[PDB]
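Numbering (the deposited numbering), first residue to last: 3 to 94.
Just below is one structure, and these are the notes that go with it.
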């Protein structure tokens, strides 16, 4: 299935959120939800990796995560694909 790994680091405080969705609908729920946790924490570095079923899927997700990070002010983003896992890491 779809594995969402959210890792927020911020001086002596590391948060690791792991979700498993199946809807792309309840994904919008996780998405929206993560957007808030991060707005609040306002961390320098934020990493999100999503293990998709196919690389073409990982791409659609990378497009999603890019807009998420951009909107939230993270503007120097690294997008890395590792098989079916996409890892978008941004810095504020």
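The beta-carbon is built from N, C-alpha and C at its ideal position, and this holds for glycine as well.
Residue of the options minimising C-alpha distance to residue i
| i | options | result |
| --- | --- | --- |
| residue 6 | 17, 85, 29 | 29 |
| residue 1 | 25, 24, 4, 42 | Here the chain covers residues 3 to 94 and nothing more, so residue 1 does not appear. |
| residue 89 | 76, 63, 77 | 63 |
| residue 87 | 71, 61, 25 | 61 |
Residue i, DSSP secondary structure in three states
| i | result |
| --- | --- |
| residue 77 | coil |
| residue 12 | coil |
| residue 86 | coil |
| residue 26 | coil |
Sub-8 Å separation of residue i and residue j beta-carbons
| i | j | result |
| --- | --- | --- |
| residue 9 | residue 49 | yes |
| residue 74 | residue 52 | no |
| residue 93 | residue 47 | yes |
Close-in-space but distant-in-sequence residues of the same chain around residue i (CB under 6 Å, 5 per side omitted)
| i | result |
| --- | --- |
| residue 21 | 6, 32 |
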